[PDB]
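What follows is one structure encoded as C-alpha cells, with my remarks underneath.
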Amino acid sequence: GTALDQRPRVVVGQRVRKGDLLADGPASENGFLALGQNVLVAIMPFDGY
Amino acid sequence: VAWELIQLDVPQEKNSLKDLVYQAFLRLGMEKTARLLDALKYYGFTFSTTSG
Amino acid sequence: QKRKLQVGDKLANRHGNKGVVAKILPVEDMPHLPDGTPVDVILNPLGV
Amino acid sequence: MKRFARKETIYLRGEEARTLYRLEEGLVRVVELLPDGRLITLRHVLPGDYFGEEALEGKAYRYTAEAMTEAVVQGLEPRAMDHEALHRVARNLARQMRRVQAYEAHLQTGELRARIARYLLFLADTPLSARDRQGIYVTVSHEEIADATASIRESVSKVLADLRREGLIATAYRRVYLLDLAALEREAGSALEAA
Amino acid sequence: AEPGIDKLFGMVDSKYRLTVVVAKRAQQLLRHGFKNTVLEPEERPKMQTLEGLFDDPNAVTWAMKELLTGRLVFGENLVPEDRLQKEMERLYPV
Amino acid sequence: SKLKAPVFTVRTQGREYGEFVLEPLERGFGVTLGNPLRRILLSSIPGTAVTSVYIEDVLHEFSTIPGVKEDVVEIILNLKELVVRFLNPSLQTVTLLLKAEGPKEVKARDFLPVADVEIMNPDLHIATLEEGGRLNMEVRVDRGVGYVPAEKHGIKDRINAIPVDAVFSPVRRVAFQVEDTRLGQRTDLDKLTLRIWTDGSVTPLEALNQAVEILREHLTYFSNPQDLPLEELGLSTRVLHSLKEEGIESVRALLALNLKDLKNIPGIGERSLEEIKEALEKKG
Numbered sequence: 634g635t636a637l638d639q640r641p642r643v644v645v646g647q648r649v650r651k652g653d654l655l656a657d658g659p660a661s662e663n664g665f666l667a668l669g670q671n672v673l674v675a676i677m678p679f680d681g682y
Numbered sequence: 895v896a897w898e899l900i901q902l903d904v905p906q907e908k909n910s911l912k913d914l915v916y917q918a919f920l921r922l923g924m925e926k927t928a929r930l931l932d933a934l935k936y937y938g939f940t941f942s943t944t945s946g
Numbered sequence: 829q830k831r832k833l834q835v836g837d838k839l840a841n842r843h844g845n846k847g848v849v850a851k852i853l854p855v856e857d858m859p860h861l862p863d864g865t866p867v868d869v870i871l872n873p874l875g876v
Numbered sequence: 001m002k003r004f005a006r007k008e009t010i011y012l013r014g015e016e017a018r019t020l021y022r023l024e025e026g027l028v029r030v031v032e033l034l035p036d037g038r039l040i041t042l043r044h045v046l047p048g049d050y051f052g053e054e055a056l057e058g059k060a061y062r063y064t065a066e067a068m069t070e071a072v073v074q075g076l077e078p079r080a081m082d083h084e085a086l087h088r089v090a091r092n093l094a095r096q097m098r099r100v101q102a103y104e105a106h107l108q109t110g111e112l113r114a115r116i117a118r119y120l121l122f123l124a125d126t127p128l129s130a131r132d133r134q135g136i137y138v139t140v141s142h143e144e145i146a147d148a149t150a151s152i153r154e155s156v157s158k159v160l161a162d163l164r165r166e167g168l169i170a171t172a173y174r175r176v177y178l179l180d181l182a183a184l185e186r187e188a189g190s191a192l193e194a195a
Numbered sequence: 002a003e004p005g006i007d008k009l010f011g012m013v014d015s016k017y018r019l020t021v022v023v024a025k026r027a028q029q030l031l032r033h034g035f036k037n038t039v040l041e042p043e044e045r046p047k048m049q050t051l052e053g054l055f056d057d058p059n060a061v062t063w064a065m066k067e068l069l070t071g072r073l074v075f076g077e078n079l080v081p082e083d084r085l086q087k088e089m090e091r092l093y094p095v
Numbered sequence: 004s005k006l007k008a009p010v011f012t013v014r015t016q017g018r019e020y021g022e023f024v025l026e027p028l029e030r031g032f033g034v035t036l037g038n039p040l041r042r043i044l045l046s047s048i049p050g051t052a053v054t055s056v057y058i059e060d061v062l063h064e065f066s067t068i069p070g071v072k073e074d075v076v077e078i079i080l081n082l083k084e085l086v087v088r089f090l091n092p093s094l095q096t097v098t099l100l101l102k103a104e105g106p107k108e109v110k111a112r113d114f115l116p117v118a119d120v121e122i123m124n125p126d127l128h129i130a131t132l133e134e135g136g137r138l139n140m141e142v143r144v145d146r147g148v149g150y151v152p153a154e155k156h157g158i159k160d161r162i163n164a165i166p167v168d169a170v171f172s173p174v175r176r177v178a179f180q181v182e183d184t185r186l187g188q189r190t191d192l193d194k195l196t197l198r199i200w201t202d203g204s205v206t207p208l209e210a211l212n213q214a215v216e217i218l219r220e221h222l223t224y225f226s227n228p229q253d254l255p256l257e258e259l260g261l262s263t264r265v266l267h268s269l270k271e272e273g274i275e276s277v278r279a280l281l282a283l284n285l286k287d288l289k290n291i292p293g294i295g296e297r298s299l300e301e302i303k304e305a306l307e308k309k310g
C-alpha cells in the first residue's frame, strides 16, 4: 500500500550522458537511496517522555 | 516516618529505592506508597532531563 | 491518503535503535542551540 | 412605496400584473367575487408577505387584493431582484402556502360557531387587533367574518349574538371584544396558523 | 489508588468478601435508585459536568464510600433473601 | 540602591532581521525577560498563510498536471513557502489568481497583483511549465495564528479546491543572549540582546511589541481573586415559533422590540402580547 512514483530530475534541453539519471524512483534522492530524513537530534532524557 | 525510612548518608539507587518502596508499603499502606511512587517518578524524571 | 507523522508511529535508524513517537512538543518547548536553532528529535541515552 | 386606506384595493382582477408587492404595514385580504355575488376571502396577507405573485408567472392578476386597515406597501420589479431577494420570495411564498393550506383546513373544520371563534382568535394575532380597558379587541365586520368563515352575514350575526348573550364576546361599531379567551379557545378546538 | 482501600481491607478477613459486599451493595443502590443510601447530602459523591456538580453515576464508588462510613452491616445469614428484598421494596419502591 | 530604567537600543536590517538590547538589568533578569518573549514570538505571533488551493482541471492533491514538471503535492509544498503581506489591518483573507503557460518557470511575481497585498519573496519558484503546459490556479490566503493542519480548518472555496496546511507564524527564529555588564558600583549585571528572524511580512520590532503586549495582557489576568432564550422560557408555542423565526431568540431582543416593532410582527397581535406580558410579570 505504499506509493511507488517517479519524479523527473532533469530539465528540457539538458545534456545527459550514458547511464545518467533521468527520473528518480520512490525512496530515492538524486540517484541515492533515501529511506528516511536527516534530522537534528539531541541525546538526552526529557520529562520521562 | 519518612525521615526514618530514607537512608540519607547514601546516594539513591535501584536497591535503596526498592527498599524505600517496600518499607513504605509496610508502614504507610497502599495508597500513600502509590502517591510516593508517583512523586518519585515525577521528580526523578524532572531531574533526569536537566541533569545533562 | 497523506499520512503525517503522529503519536504512536514507529521510527528507527540503521544501527538498530528503534522507538515509537510518544510526544510531539510545540517548538517553544523544544531544547535549542544558543543561536535559536531547535532540535528535531530527542533520543534517550539509556538506550545506548 | 405607497399607503392605502381601509377598503381600498391595491390591484383588481384582470388587470396587468406588471408589479409585485410586499406588505410593509397593515393587513391585506386576497379575495374573489363569485357569480352569485358572494364575496369570499381566499387568503390573508400579513406584514412582510409578498403578494401580487401573478406578476412572476402570468400577465395579469387573477384575484383582487383589498386593504383591511391603513396599509403601507412597497412595489417591486420582479426582473430586478437578486439572489437574496429571490430567496426571500421563495421562503415567504412557501410560508403563505402553508398558511393558505391551514386556512383551507380551517374552512372545513367544525361548525359555524367553531369557525367563527377560530377566525376571531386568528384575527387577534393580526394588525387588525388592539387592546384597551375593556380588554383585547379586533376591528372587523360581520360581512368580512362571513367572507372568511364560508358563510353568510345573517348566520354570523346570529352566532355572534349567541356569543354575546353567553358573555364570551361583546360587539359594537364593527368592533369585537373577546371577553373569554379560554372559552373561545375551547370552541375553536385547534388554532389557525398565524405565522 | 482507591480511597481508604487499606482500611476497607481492614474491615474484612478476605479481600474477595470486600469485593462481594461492594458489588452487591452497588446492585442494591442501582435497583432502588440510590434513595436507600446511608450517605448524607454533603457526603454524596460528586461529578463535574459542563453544567456543574451532579450526582456520581457510579454505584461502586457510592458503595465503597458507604462501606467506609461504617453505617452498613455485612455478613452471612443475616436475613432471608425474600424478606430482605420485600422489606427493601416496601421502604424504597421501584 | 534601586536600579533605574535601562537603555533600550534597536538595530534592524530590513524587515527580516532585528536586534533589541536592554541594559543594564538585574542579575538573572536577562533570561527572565528574554525567554518568555521567545516562547510567545514562536507561538502566538499572528501572520498569513496559504489556506486553500484550486488548480484548473485538477481534482485532488495526488493528481498530476500535463505540461508541468512538478506534481501537485510539490506545487502546494512550494506554495507553503509563500510569504504574503497584508497592508490593510482589516483584511483577513485574499484570493490570489495566477495564469501562465508556455516554456516558462513560474515565480511568485506572476501572481496577479492585488491591492494592499505585497509579495515579500517574488523570486520563489512555483512550477516549471513546458510547451502546451497551462497553469491556472486560485490560492486562498488567510490571516491566523499558530499552526493549523489541513484536516483542522478544512477550508474550500469550491469543490475541487485543495485545503493546505497553514503555517501562520511569520516568525522564523528567535534567539536571546545574556551578557555581563556593570553600572559603575554594581557588577554581575545583565545585558539582554534579542535577535529575531522573520519572513518579512511582519517586522521584528512589530513582532516583539505584539509579544510584549501579549505577555502584559496575560499578566493582567492575576487581577481578580476567587438574557435567556425564549425557546426555553416556557412561553406559548405560537410565541416560540413566531418570535424565534422572526429573527430573535431571547428576552433581550424581546425587550429591544419597541411598540412599533413587537406589534408589527405578522404573527404577533394581542393573544401573544398577553403571554408576553405574563412573562415580563414572572421575571420583571
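Protein chains in written order, with the UniProt record's numbering: chain D, 634 to 682; chain S, 895 to 946; chain F, 829 to 876; chain W, 1 to 195; chain P, 2 to 95; chain Z, 4 to 229, 253 to 310.
Beta carbons are placed, not taken as given, at the ideal position from N, Cα and C, and that holds for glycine.
Proximal chain Z residues relative to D863 (chain F), where beta-carbon distance stays under 7 Å:
Residue mapping note: residue 863 (chain F) aligns to position 35 of the third sequence, counting from 1. What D863 (chain F) touches in chain Z: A178.
Beta-bridge partners of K194 (chain Z), as assigned by DSSP
If you number the sixth sequence from 1, residue 194 (chain Z) lands on position 191. In the DSSP output, where bridge partners are listed per residue, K194 (chain Z) has Z:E182.
Going straight from the alpha carbon of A161 (chain W) to that of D253 (chain Z), what length do you get?
Residue numbering aside, residue 161 (chain W) sits at position 161 when the fourth sequence is read from its first letter. Residue numbering aside, residue 253 (chain Z) sits at position 227 when the sixth sequence is read from its first letter. Computed Cα separation, rounded: 46 Å.
Mind pulling the chain Z residues with CB within less than 8 Å of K851 (chain F)?
Position 23 of the third sequence, counted from the start, is the residue given in the question as residue 851 (chain F). Result: empty, since nearest Cβ-Cβ is about 16 Å, beyond 8 Å.
Taking the alpha-carbon positions, what's the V159 (chain W) to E143 (chain W) distance?
Within the fourth sequence, numbered from 1, the residue matching residue 159 (chain W) stands at position 159. Within the fourth sequence, numbered from 1, the residue matching residue 143 (chain W) stands at position 143. Their Cα atoms are separated by approximately 13 Å.
Spell out whether any CB of chain P is found under 7 Å from the CB atom of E925 (chain S).
Position 31 of the second sequence holds residue 925 (chain S). So yes, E925 (chain S) belongs to the interface.
For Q901 (chain S), does the count of other Cβ atoms within 10 angstroms reach 16, so buried, or fall short, so exposed?
Mapped onto the second sequence, residue 901 (chain S) falls at position 7. Exposed, since its Cβ has fewer than 16 Cβ neighbours within 10 Å.
Applying a beta-carbon distance threshold of less than 8 Å, which residues of chain F neighbour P678 (chain D)?
What you label residue 678 (chain D) is simply residue 45 of the first sequence in a count that begins at 1. Near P678 (chain D) (Cβ distances below 8 Å), the residues of chain F are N872, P873, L874.
For the region 81-127 of chain W, list the beta strand (DSSP E) runs that are entirely contained and at least 3 residues long, ordered along the chain.
none
Is any beta-carbon of chain D found at less than 7 Å from that of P859 (chain F)?
The count along the third sequence starts at 1 and reaches residue 859 (chain F) at position 31. Interface residue, yes.
Rank W:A85, W:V138, W:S129, W:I152 by C-alpha distance to the C-alpha of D49 (chain W) and give the top, closest one.
As a working mapping, residue 49 (chain W) is identified with position 49 in the fourth sequence. Here the closest residue by C-alpha is W:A85.
Show which residues of chain P have a CB atom less than 9 Å away from the CB atom of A918 (chain S).
Translated into the one-based positions of the second sequence, residue 918 (chain S) becomes position 24. Going along chain P, no residue has its Cβ under 9 Å from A918 (chain S), so there is no contact; the nearest lies around 12 Å.
Cβ of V867 (chain F) less than 7 Å from any chain Z Cβ?
The sequence position of residue 867 (chain F) within the third sequence is 39, counting from 1. No, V867 (chain F) does not count as interfacial toward chain Z.
Do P49 (chain Z) and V148 (chain Z) come within 7 Å of each other at the CB atom, strictly closer than that value?
As a working note, residue 148 (chain Z) is residue 145 in the sixth sequence. As a working note, residue 49 (chain Z) is residue 46 in the sixth sequence. Closer than 7 Å, so yes.
Quick check on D132 (chain W): does DSSP put it in helix, strand or coil?
As a first step, residue 132 (chain W) must be located in the fourth sequence, where it is residue number 132. It is a strand residue.
Do the region 50-69 of chain Z and the region 152-159 of chain Z meet, that is, are 3 or more Cβ pairs less than 8 Å apart?
yes
For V22 (chain P), which three-state DSSP category applies?
What you label residue 22 (chain P) is simply residue 21 of the fifth sequence in a count that begins at 1. Residue state, collapsed to three classes: helix.
To which residues of the same chain is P859 (chain F) closer than 8 Å at the C-beta, ignoring the five residues directly before and after it?
Within the third sequence, numbered from 1, the residue matching residue 859 (chain F) stands at position 31. These residues qualify, in order along the chain: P866, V867, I870.
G681 (chain D) touches chain S at which residues, Cβ-Cβ below 9 Å?
In the first sequence, residue 681 (chain D) corresponds to position 48, counting from 1. The contacting residues are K935, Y936, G938, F939, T940, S942, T943.
So is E73 (chain Z) buried or exposed if we call it buried at 16+ other beta carbons inside 10 Å?
The sequence position of residue 73 (chain Z) within the sixth sequence is 70, counting from 1. The residue is buried, with at least 16 neighbouring Cβ atoms inside 10 Å.
Check whether the region 160-178 of chain W and the region 68-87 of chain W are in contact - that is, three or more C-beta pairs closer than 8 Å.
no
Quick one: does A675 (chain D) have its CB under 7 Å from some CB of chain F?
Your numbering for residue 675 (chain D) matches position 42 in the first sequence. Chain F contact via Cβ: present.
Secondary structure of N81 (chain Z), DSSP reduced to three states
Your numbering for residue 81 (chain Z) matches position 78 in the sixth sequence. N81 (chain Z) falls in the helix class under three-state DSSP.
How many Å lie between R264 (chain Z) and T64 (chain W) at the Cα?
Here residue 264 (chain Z) refers to the residue found at position 238 when the sixth sequence is read from its first residue. Here residue 64 (chain W) refers to the residue found at position 64 when the fourth sequence is read from its first residue. Each residue's alpha carbon lies about 29 Å from the other.
Beta-carbon contacts of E141 (chain Z) that lie in its chain and below 6 Å, excluding the five residues immediately before and after
Residue mapping note: residue 141 (chain Z) aligns to position 138 of the sixth sequence, counting from 1. Here the set comprises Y57, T98, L100.
Strictly under 7 Å for the Cβ-Cβ distance: is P641 (chain D) near chain Z by that measure?
Here residue 641 (chain D) refers to the residue found at position 8 when the first sequence is read from its first residue. It does: the Cβ of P641 (chain D) has a partner Cβ on chain Z nearer than 7 Å.
When you compare each of W:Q96, W:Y103, W:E25 to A67 (chain W) by their alpha carbons, which one comes out closest?
Here residue 67 (chain W) refers to the residue found at position 67 of the fourth sequence. Looking at the Cα atoms, W:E25 is the closest of the given residues.
Confirm, please, whether the CB-CB distance from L39 (chain W) to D147 (chain W) is below 7 Å.
Position 147 of the fourth sequence, counted from the first residue, corresponds to residue 147 (chain W). Position 39 of the fourth sequence, counted from the first residue, corresponds to residue 39 (chain W). The answer is yes: Cβ separation under 7 Å.
Do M123 (chain Z) and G17 (chain Z) have their C-beta atoms within less than 7 Å of each other?
Taking the first residue of the sixth sequence as position 1, residue 123 (chain Z) is located at position 120. Taking the first residue of the sixth sequence as position 1, residue 17 (chain Z) is located at position 14. Contact: no.
Which same chain residues, not among the five before or five after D60 (chain Z), have their C-beta less than 7 Å away from its C-beta?
In the sixth sequence, residue 60 (chain Z) corresponds to position 57, counting from 1. Within the same chain, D60 (chain Z) has no close Cβ partners at all.
Do you know whose CA, among Z:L211, Z:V177, Z:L222, Z:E182, lies nearest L861 (chain F)'s CA?
By one-based count along the third sequence, residue 861 (chain F) stands at place 33. With distances taken between Cα atoms, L861 (chain F) lies closest to Z:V177.
Closest to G70 (chain Z) by C-alpha separation, out of Z:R88, Z:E134, Z:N38, would be which residue?
In the sixth sequence, counting from the first residue as 1, residue 70 (chain Z) sits at position 67. When only C-alpha atoms are compared, the closest one is Z:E134.
Tell me the start and end of each unbroken beta strand (DSSP E) in the region 83-120 of chain Z that is at least 3 residues and wholly inside, in chain order.
87-89, 96-104, 107-110
With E32 (chain W) as the anchor, note down where its alpha helix (DSSP H) starts and where it stops.
Along the fourth sequence, read from residue 1 onward, the residue named residue 32 (chain W) stands at position 32. Counting along the chain, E32 (chain W) falls outside any alpha helix (DSSP H), though it belongs to the beta strand (DSSP E) covering 28-33.
Per the contact definition of three or more C-beta pairs closer than 8 Å, is the region 59-68 of chain P in contact with the region 21-29 of chain P?
yes
Using C-beta distances below 8 Å, list every residue in its chain close to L637 (chain D), excluding the 5 sequence neighbours before and after it, in chain order.
Your numbering for residue 637 (chain D) matches position 4 in the first sequence. Closer than 8 Å at the Cβ level, and outside the excluded window around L637 (chain D), lie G658, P659.
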